[PDB]
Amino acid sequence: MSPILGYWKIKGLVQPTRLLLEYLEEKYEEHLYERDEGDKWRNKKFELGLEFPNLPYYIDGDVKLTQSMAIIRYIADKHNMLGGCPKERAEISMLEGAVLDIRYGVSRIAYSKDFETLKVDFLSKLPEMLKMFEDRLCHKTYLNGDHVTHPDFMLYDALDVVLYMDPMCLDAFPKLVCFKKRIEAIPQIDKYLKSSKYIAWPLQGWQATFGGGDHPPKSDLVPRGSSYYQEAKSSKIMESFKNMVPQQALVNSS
């Protein structure tokens, strides 16, 4: 009810800020520019006294910041979550920098049609960085102890823009499987994803390569069919339109 996110309608890029906006129980406004509605952009890029024209952009009134790593920061800081002592914030800084290292490394190849061979250059060179918060998350439930940190919101978004790229990746790391879940566990976030404000696809710009788009989608064939072909078996109370893990064999004929 005052601060304005602006940015766009796309997920990854400013979602980590949005996520963080639910946890703090924060109230704010924001416009979600649209595909060809992005004509509205060029024309409104200046009337808003935007410090250094961009997207994402913030404007809480008493400031019109730009950039994404800072508007989440400043948004955070008001809640004293940036640092404690010189050697404190640098952690949430190193952590920060550590995460964007996956996030950005993902957005850099998802816009050119020369991707498909590129994911095949990081997807098999990133399992090294996924294994850094693995052990970070050990004694400390979260990424910096109990009380969450914004990098806990950037990282959870990380592995959800890379897991859409490879679902088999967050497997050789069960400590992130729990965290990445231990985050959509808090009622604040819990209710947001099932809210009329959560935005799924796209993950990276529109079209892009892995970006693509259609918002809260599905359309094409989904995991399991079955329809009438044989209603029985497989079902053992899911408690989730998700909760998969079946697997069946028999295979081939005679």
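Residue positions are given as counts along the sequence shown, with the first one as 1.
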query	finding
Of 213 to 221 and 26 to 34, the one with larger mean CA B-factor	213 to 221
Between the two ranges 183 to 191 and 56 to 64, the one averaging a larger CA B factor in the entry	56 to 64
Residue selected from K113, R136, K175, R73 by maximal Cα B factor	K113
Residue, from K125, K140, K78, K119, that the PDB entry assigns the highest Cα B-factor	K140
Lowest, middle or highest third - CA B-factor, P202	middle
Within-chain third of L250 by Cα B-factor, per the entry	highest
Chain-relative CA temperature factor third for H147	highest
Chain third (lowest, middle, highest) by recorded CA B-factor, residue given as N243	highest
Record-listed C-alpha B factor of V99: chain third	middle
